[PDB]
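Novice: Before we start, here is the structure in question, set down as structure tokens.
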Amino acid sequence: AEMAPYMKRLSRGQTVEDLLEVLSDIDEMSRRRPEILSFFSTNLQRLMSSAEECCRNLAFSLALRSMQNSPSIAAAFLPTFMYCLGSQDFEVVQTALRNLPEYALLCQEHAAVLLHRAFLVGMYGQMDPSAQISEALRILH
Amino acid sequence: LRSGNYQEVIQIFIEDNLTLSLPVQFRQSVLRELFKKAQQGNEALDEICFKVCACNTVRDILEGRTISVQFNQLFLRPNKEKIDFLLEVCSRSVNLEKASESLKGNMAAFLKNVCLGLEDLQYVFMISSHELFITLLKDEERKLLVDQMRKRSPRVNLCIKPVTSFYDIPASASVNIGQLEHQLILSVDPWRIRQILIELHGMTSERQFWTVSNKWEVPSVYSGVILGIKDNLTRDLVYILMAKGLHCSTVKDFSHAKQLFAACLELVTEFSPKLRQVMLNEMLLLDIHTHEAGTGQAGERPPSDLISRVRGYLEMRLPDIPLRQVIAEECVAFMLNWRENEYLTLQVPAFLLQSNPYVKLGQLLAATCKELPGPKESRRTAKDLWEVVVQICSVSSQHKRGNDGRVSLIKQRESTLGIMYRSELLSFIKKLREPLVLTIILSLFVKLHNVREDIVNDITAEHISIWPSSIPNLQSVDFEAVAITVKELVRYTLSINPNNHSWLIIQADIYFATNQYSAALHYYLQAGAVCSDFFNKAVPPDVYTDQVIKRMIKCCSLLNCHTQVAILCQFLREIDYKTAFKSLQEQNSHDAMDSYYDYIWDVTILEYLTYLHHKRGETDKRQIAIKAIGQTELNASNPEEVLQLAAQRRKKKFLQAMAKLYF
Amino acid sequence: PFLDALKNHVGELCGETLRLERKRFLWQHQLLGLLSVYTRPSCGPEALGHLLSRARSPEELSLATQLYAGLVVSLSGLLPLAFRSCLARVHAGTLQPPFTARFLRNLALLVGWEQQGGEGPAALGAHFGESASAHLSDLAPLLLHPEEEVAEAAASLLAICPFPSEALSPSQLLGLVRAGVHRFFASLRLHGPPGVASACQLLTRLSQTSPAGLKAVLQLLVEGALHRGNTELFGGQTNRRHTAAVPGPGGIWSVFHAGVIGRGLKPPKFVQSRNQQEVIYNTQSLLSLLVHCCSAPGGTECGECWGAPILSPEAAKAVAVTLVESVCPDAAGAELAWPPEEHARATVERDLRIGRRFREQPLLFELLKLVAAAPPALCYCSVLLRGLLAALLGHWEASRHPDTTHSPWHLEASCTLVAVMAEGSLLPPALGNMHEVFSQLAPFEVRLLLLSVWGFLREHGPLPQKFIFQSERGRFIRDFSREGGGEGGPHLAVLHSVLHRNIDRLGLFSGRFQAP
Amino acid sequence: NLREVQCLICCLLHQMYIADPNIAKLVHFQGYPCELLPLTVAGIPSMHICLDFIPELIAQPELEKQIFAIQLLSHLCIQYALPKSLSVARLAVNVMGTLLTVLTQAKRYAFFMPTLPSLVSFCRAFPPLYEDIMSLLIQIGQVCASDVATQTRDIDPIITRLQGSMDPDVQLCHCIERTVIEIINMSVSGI
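Protein chains in written order, with PDB author numbering: chain A, 2045 to 2185; chain H, 333 to 995; chain E, 472 to 708, 731 to 1009; chain B, 989 to 1151, 1177 to 1204.
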């Protein structure tokens, strides 16, 4: 009941103003009592592929913190992370590689396909992801 | 052929099919003369032309040579007589009692691929009912062919009516309540809904049946006025029908929403005229959205009576009705969308023009729209549009009494010295579809992004630059807000016409300014592929300007692709040899070296390549450069036409290769 | 509690929904409906996706449609989110390939069911076409899938899926062109002429887009056909054993040899083997696809039929340009006006290269006939015709045989070449009917005839102009009355001297060369 | 029975190599088929002194000698993990990068096709080379990708970002992606 109006705002959101303001509110009230992010999974999936850079960064950070609370849900955000890694917006892929090693540790069962797609996106598409994937490799052992 | 008895020629060709007597090249020559003298003026020859073409192709398929392109041309539009004559000729052509097995195999394969060539099913039917087709193929392959032909467009049957797990004669009050509720939720037909409501109020005593589906939503002012009817049946009926109509308009079911709002119209007539005017505003919403969605961009015009009723709605002015602003949104959007440049200054009086900021912004935008076809300045309209848009992007408090950051324009969403908030500005420009006003707003926001936000050197491209240069109170406008709104406006304007080269150039420049070189190169290549037909013709110099090509060179250089830099800097009006030599001197290229040496046509750059490969130890790339120089196509002293045509061939192939890699 | 326990049990709930029991399926269907109405995110796109990823029969598609119809009265934006979830599951490591092949098949059946009828599809405001067209860039790479069933389902879907009314972005337009040509060639290799209907439909559907798409389709289609990996369809192209066998000639005496010239024997040489039925019918399939692509819009259904639809003179120009690009990329003789005869002795390397290209791949000749039936087009192939003619001139200069049937291919190439240039309204009908004597002449005699052809093209060039666009039945026509030469005076004189020499054998065919 | 002959021959070769290292240097300059490279390295201890001339063998103008040196060094680094082996491995990575700068396309295929499993061996032997190895891969990947865009292809691998006798370039791209797969699955299961 305490989370219904915020998520009603998140679901019925059109402008960048409303989404950014609700994301700021939920980040502020998720700094303490961080177990409330389990309800914000599907909407965080949908907003993680949004084109605006600030709201996308907030959604990515919230998703990583939601992994940090309970890593058993990392198998559920995999299709969205794979879509962000292989989309045609050229900013979702860079924000995906910026958050690539943390999610690579936090998944640990499907890291092979993730890093495989990272190599093909950075290989066929002209960009350099080598540092991030190699750092994920060194801290993955 | 000398006389004109062409049918006699047709039976000669059938006899030649039976006997294989006449030379094949003679038959092709006769086909040539028949086609040509059909093109000389007689329209009665096309029948004979098809007949002789069928005879020639059946001769070719008996003797196992190719199928002519004329035969494929005459079955672009098949017909009953054509396939009937083809089957008749194929039946007369082969004598089954004395034919070799190769001949039967050839005829069966020809019939099979003619069946595959057909698209409409009854032609496949009567070509599969001929005795020749049944005799020449054993039945399993015939059934296989028929099966794969009916698989193309299956007559699938799907049921649309929803699940009703209902048992007859419930004999219970609460169960029957549930049945009529589930039927009420599912029903879309308003007369059926009326039946459910009257029976439901008849059997129950004093239960209000609007709080029975929480997904139904009514606007706040309309919910305030709609709960004022005294009778319970009318409250429940008008509430749930108008909620269902609004939801059907939301989910793009326009005809059902039209019927629902029509039932609402015929029943609200008794109670009040205020609710009547409200729901005629709803009718205007439905008609505007139906015209803008059904006809779309392919619609011819508005039907000129909807124009009258929106024209009226902008001048109703009855102060006792609730008015949602989205009606005026669609009114101004429709008024600007279909290019009516007459409701700007002669009509639409100031007598509450300034109350609705939407009307004022649309008026100012249409005022700037009419200015452009004047080779003349008259730029009061562009001036005030510039002022209202720099004021909408301005923060109110100078030293930020509330919170010290200016970035709060995207956070606080208050404190704007404008007639409207920026989010409603994006909502307004996202409802415009006309290209001229959209590119006006795009040039405006490009110019507002190009005012040296702190320091910026790379100016984004702009199709027209007529706006005032000096900005008063530059500290007022929040510039990260300008970047956010120009990214919104560009990515939206790509969703109005993706094949517009100027918008693609603008997107590429914005990606280049934000140090996204790969995306900038992608959109530059994309603009080149829009303006020239995937580089089949030369790209005009008004798209790939020297600035554009220089930006592409910079993008290739910062991605460590240096042979591409050399090739791409051959493109300029004056060849930039300095950046070519500096790029080719480096040793960390992430693009190919030798296989890009085919797209070079300047002897000077190949000279430098040979010198670099001789100094640095490349004994094999040097030979590639020598082979490139030694071509008799890239000599310096050729005629100018040969050199420029080789240059444009290499330009086409290189730009296609870049469109192969990116894009 | 019941609703949010089924929130995470919806997978098994829908999995046992598809069984179609006696009365259980209605109960679990309403259970799914109330679930997806209740739950705050939605849980309707996932239910629709699961009903679409596992439907293998028409009635369970029907249950999917009842689910969407029961859900559309309350929720909104269901099908786009469902397709996002499905395609994201496809492109990730999950949704194992039978499931995605089945899902693409069900989507193809649904979007085909929309574009029919009107009693049923118009009742449910589903808009499968627009939702499927929104994800077209996400859907094109599935034509490149390693599993054949996934690629076939994607081909059927892209063949039936409508394009956006927004038109199509050039990047995803080009990507669709690549997917279409590769799927056409791969399905041509694997299945054959039965099984390319989806790829041909997709290519001919996005060929009728903006003309840049048409040039892209034609170019990639007929340069992929001449690639090494696809030209086979259309015509074609130690020490221990050393020391075990070194007895006798060695010993305390030197070995017999002095070395090895290269690496030894040059292989055992490969013998190519084909069957002509597959060759001719893959050629038939490709030329059918091209003649669909190069045709005009049409769609009038006027008259009593029996007629020839026009082939566009612009599409055939694109085919001609990319054919010239594929065969000879050089630009030495790129002018469309023929040079003098002695100039043929200069660029003999290029002439031999075009001769080799026409000899290796027969499809080139076939493509010329495609260029033939659009009379402004073969004028752009003047370089190709000139080079092949010069190669034939060289062969008939070097020929010493008494009769021309001793060299089959060169005789066939000469007769086919002059027949194609007679198709393209380059030569007069009087002079273009000479090839039927080529089978029974001497090599110098056919050489003199081809020099007469070369001289006529000197005097009356193969320019893109000098065709009049006659508009009542709009086509380009070259009428050989008004150039001032008409039938070539000296040329027909030389040809008639050729007939007048071999009266002994060219008796019956003398009636073809009579004056008009 | 094959293994008995193999180990007896390994014993004789170890005796002959410790008799005089010049024969070992001459033989490794001459070369033998790569399928013997495990057996010769695992079974002959004396191949440790083979790490003395890998800088000299990799500096020869002949190219197939450089592939043999790279492969032999990789198997040695699998066997003997020493600072000397890591230093010569870094030298090998630098040599491969330099030859990536200087190679014609056909010679680039002929050089980089048989090497790339050696990069898996190098990455398996030594963690501190990972990113360096990774850098080389991404570079070779995109340069091969650029070559794919140079001419038309029968498979079009650029749009295949989802998963016989072919074009050499698409074979090289496939080899690059498979050696990346092998590196990643080595890293995942490498504890």
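Even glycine gets a Cβ: it sits at the ideal position worked out from N, Cα and C.
1. Buried or exposed for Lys984 of chain H, please, with buried defined as at least 16 other CB atoms from any protein chain shown within 10 angstroms of its CB.
2. Taking the alpha carbon of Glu2179 of chain A as the point to measure from, which residue in A:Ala2162, A:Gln2170, A:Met2167 has its own alpha carbon closest?
3. Which two residues bound the contiguous beta strand (DSSP E) that contains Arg968 of chain E?
4. What residue from H:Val871, H:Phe465, H:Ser555 has the CA that sits closest to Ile415 of chain H's CA?
5. Check whether chain H comes within 9 angstroms of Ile961 of chain E, counting only Cβ atoms and requiring the distance to be less than that.
6. Assign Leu476 of chain H to one of two classes, buried (16 or more other C-beta atoms within 10 Å of its C-beta) or exposed (fewer than that).
7. Going by beta carbon distance, what residues of the same chain come within less than 6 angstroms of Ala579 of chain E, once the five residues before and after it are set aside?
8. Across which residues does DSSP place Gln963 of chain E in a beta bridge pair?
9. Classify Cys2128 of chain A: buried if its beta carbon has 16 or more other beta carbons within 10 angstroms, exposed otherwise.
10. Return the CA-CA distance between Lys886 of chain H and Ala924 of chain H, expressed in angstroms with no decimal places.
11. Return the chain-ordered list of same chain residues with a C-beta closer than 7 angstroms to the C-beta of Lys686 of chain E, the five sequence neighbours on each side being excluded.
12. Given that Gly1085 of chain B touches chain A, what residues does it touch there, using C-beta distances under 7 angstroms?
13. Jot down the residue ranges of each uninterrupted alpha helix (DSSP H) in the segment 627-663 of chain H, minimum 4 residues, whole runs only, in chain order.
14. Could you tell me the alpha carbon to alpha carbon distance between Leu885 of chain E and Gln629 of chain H, rounded to whole angstroms?
15. Between the segment 949-961 of chain H and chain B, which residues of the former have CB atoms less than 8 angstroms from a CB of the latter, in chain order?
16. Helix, strand or coil for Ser353 of chain H per DSSP?
17. Give the range of the alpha helix (DSSP H) segment to which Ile399 of chain H is assigned.
18. Touching or not, the segment 694-701 of chain E and the segment 872-881 of chain H, by the rule of three or more beta carbon pairs under 8 angstroms?
19. By DSSP, does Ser506 of chain H sit in helix, in strand, or in coil?
20. Alpha carbon to alpha carbon, how far is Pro790 of chain E from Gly707 of chain E? Give it in angstroms, no decimals.
21. Would you say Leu655 of chain H touches the ligand MN, meaning its beta carbon is less than 8 angstroms from a heavy atom?
22. Can you tell me the Cα-Cα spacing of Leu704 of chain E and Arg409 of chain H, whole angstroms?
23. Within 10 angstroms of the Cβ of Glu709 of chain H, are there 16 or more other Cβ atoms? Answer buried if so, exposed if not.
24. Three-state secondary structure (DSSP) at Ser2174 of chain A?
25. Should the segment 779-786 of chain E be regarded as contacting the segment 752-762 of chain E, the criterion being three or more beta carbon pairs within less than 8 angstroms?
26. Since I believe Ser556 of chain E is in contact with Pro512 of chain E (beta carbons under 8 angstroms), could you give me their beta-carbon distance rounded to a whole number of angstroms?
27. Can you tell me the Cβ-Cβ gap for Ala2175 of chain A and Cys2151 of chain A, rounded? I've got them flagged as a contact below 8 angstroms.
28. With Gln858 of chain H as the anchor, note down where its alpha helix (DSSP H) starts and where it stops.
29. Is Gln839 of chain H buried or exposed, if buried means 16 or more other CB atoms sit within 10 Å of its CB?
30. Measuring straight from C-alpha to C-alpha, what distance separates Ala793 of chain H and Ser775 of chain H?
31. What residue range is occupied by the uninterrupted alpha helix (DSSP H) comprising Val2136 of chain A?
32. Which of helix, strand or coil does DSSP assign to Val390 of chain H?
33. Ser875 of chain E lies in the alpha helix (DSSP H); which residues open and close that run?
34. Output yes or no for whether 9 angstroms exceeds the beta carbon distance between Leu614 of chain E and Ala622 of chain E.
35. Please identify, using Cβ separations under 9 angstroms, the residues of the segment 547-580 of chain E that lie next to chain A, in order along the chain.
36. How about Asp952 of chain H and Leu1091 of chain B: do their beta carbons lie closer than 9 angstroms?
Specialist: According to the data block:
1. Residue mapping note: residue 984 of chain H aligns to position 652 of the second sequence, counting from 1. That one is buried.
2. Counting from one through the first sequence, the residue named residue 2179 of chain A turns up at place 135. The shortest C-alpha separation from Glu2179 of chain A is found at A:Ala2162.
3. As a first step, residue 968 of chain E must be located in the third sequence, where it is residue number 475. 968-970 is the span of the beta strand (DSSP E), which, as asked, contains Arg968 of chain E.
4. In the second sequence, residue 415 of chain H corresponds to position 83, counting from 1. Here the closest residue by C-alpha is H:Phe465.
5. In the third sequence, residue 961 of chain E corresponds to position 468, counting from 1. So, not an interface residue.
6. Start at 1 with the first residue of the second sequence, and residue 476 of chain H comes out as number 144. Of the other Cβ atoms in all chains shown, fewer than 16 fall within 10 Å of the Cβ of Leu476 of chain H; this residue is therefore exposed.
7. The residue labelled residue 579 of chain E in the question sits at position 108 within the third sequence. Contacts found: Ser627, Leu628, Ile631.
8. Against the third sequence, residue 963 of chain E aligns to sequence position 470. DSSP output for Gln963 of chain E lists E:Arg968 as bridge partner(s).
9. Position 84 of the first sequence holds residue 2128 of chain A. So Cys2128 of chain A counts as buried.
10. On the second sequence, residue 886 of chain H is found 554 positions in, with the first residue counted as 1. On the second sequence, residue 924 of chain H is found 592 positions in, with the first residue counted as 1. A straight line joining the alpha-carbon of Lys886 of chain H with that of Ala924 of chain H spans about 18 angstroms.
11. By one-based count along the third sequence, residue 686 of chain E stands at place 215. Within the same chain, and ignoring the five residues on either side of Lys686 of chain E in sequence, the residues whose Cβ sits closer than 7 angstroms to its Cβ are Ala811.
12. Translated into the one-based positions of the fourth sequence, residue 1085 of chain B becomes position 97. Those do not exist, as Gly1085 of chain B stays about 13 angstroms from chain A at its closest Cβ, beyond 7 angstroms.
13. You should have 638-645.
14. Position 392 of the third sequence, counted from the start, is the residue given in the question as residue 885 of chain E. Position 297 of the second sequence, counted from the start, is the residue given in the question as residue 629 of chain H. Each residue's Cα considered, the two are about 56 angstroms apart.
15. Residues passing the 8 angstroms Cβ filter: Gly949, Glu950, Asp952, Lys953, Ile956.
16. Reading the second sequence from its first residue, position 21 is the one you call residue 353 of chain H. Here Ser353 of chain H sits in coil by DSSP.
17. Residue mapping note: residue 399 of chain H aligns to position 67 of the second sequence, counting from 1. Neither: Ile399 of chain H is in no alpha helix (DSSP H) and is coded neither H nor E.
18. Inter-segment contact for the segment 694-701 of chain E and the segment 872-881 of chain H is absent: fewer than three beta-carbon pairs are separated by less than 8 angstroms.
19. For the purposes of this step, residue 506 of chain H is taken as residue 174 along the second sequence, with counting starting at 1. Three-state result, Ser506 of chain H: helix.
20. Residue numbering aside, residue 707 of chain E sits at position 236 when the third sequence is read from its first letter. Residue numbering aside, residue 790 of chain E sits at position 297 when the third sequence is read from its first letter. Near 34 angstroms, if we compare the C-alpha coordinates of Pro790 of chain E and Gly707 of chain E.
21. Looking for the ligand MN in the displayed structure turns up nothing, as the structure carries no ligands at all.
22. What you label residue 704 of chain E is simply residue 233 of the third sequence in a count that begins at 1. What you label residue 409 of chain H is simply residue 77 of the second sequence in a count that begins at 1. Between the C-alpha atoms of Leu704 of chain E and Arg409 of chain H there is a straight-line separation of about 27 angstroms.
23. One-based indexing of the second sequence puts residue 709 of chain H at position 377. Under this definition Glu709 of chain H is an exposed residue.
24. In the first sequence, counting from the first residue as 1, residue 2174 of chain A sits at position 130. In the structure shown, the three-state DSSP call for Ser2174 of chain A is helix.
25. Taking 8 angstroms as the limit for Cβ pairs, the verdict is that the segment 752-762 of chain E does not touch the segment 779-786 of chain E.
26. Here residue 512 of chain E refers to the residue found at position 41 of the third sequence. Here residue 556 of chain E refers to the residue found at position 85 of the third sequence. For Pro512 of chain E against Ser556 of chain E, the beta-carbon gap comes to about 11 angstroms, at or over 8 angstroms, which does not count as contact.
27. The sequence position of residue 2175 of chain A within the first sequence is 131, counting from 1. The sequence position of residue 2151 of chain A within the first sequence is 107, counting from 1. Their Cβ separation, rounded to whole angstroms, is 19 angstroms, which puts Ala2175 of chain A and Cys2151 of chain A out of contact at 8 angstroms.
28. In the second sequence, the residue the question calls residue 858 of chain H occupies position 526. That run of the alpha helix (DSSP H) goes 849-863.
29. Residue mapping note: residue 839 of chain H aligns to position 507 of the second sequence, counting from 1. Answer is buried; the Cβ neighbour count reaches 16.
30. Here residue 793 of chain H refers to the residue found at position 461 of the second sequence. Here residue 775 of chain H refers to the residue found at position 443 of the second sequence. Distance from the CA of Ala793 of chain H to the CA of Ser775 of chain H, rounded to the nearest whole angstrom, comes to 9 angstroms.
31. Position 92 of the first sequence, counted from the start, is the residue given in the question as residue 2136 of chain A. 2136-2142 is the extent of the alpha helix (DSSP H) around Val2136 of chain A.
32. Reading the second sequence from its first residue, position 58 is the one you call residue 390 of chain H. When secondary structure is reduced to three states using DSSP, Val390 of chain H falls in the helix class.
33. In the third sequence, residue 875 of chain E corresponds to position 382, counting from 1. Judged by DSSP secondary structure, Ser875 of chain E falls within the alpha helix (DSSP H) whose first and last residues are 875-891.
34. By 1-based counting over the third sequence, the position of residue 614 of chain E is 143. By 1-based counting over the third sequence, the position of residue 622 of chain E is 151. It is a contact, given that the beta carbons lie within the stated cut-off.
35. If the cut-off is 9 angstroms between Cβ atoms, the segment 547-580 of chain E has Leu552, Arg555, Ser556, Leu558, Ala559, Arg560, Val561, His562, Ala563, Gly564, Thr565, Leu566 near chain A.
36. In the second sequence, counting from the first residue as 1, residue 952 of chain H sits at position 620. In the fourth sequence, counting from the first residue as 1, residue 1091 of chain B sits at position 103. Yes, the Cβ-Cβ distance between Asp952 of chain H and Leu1091 of chain B is below 9 angstroms.
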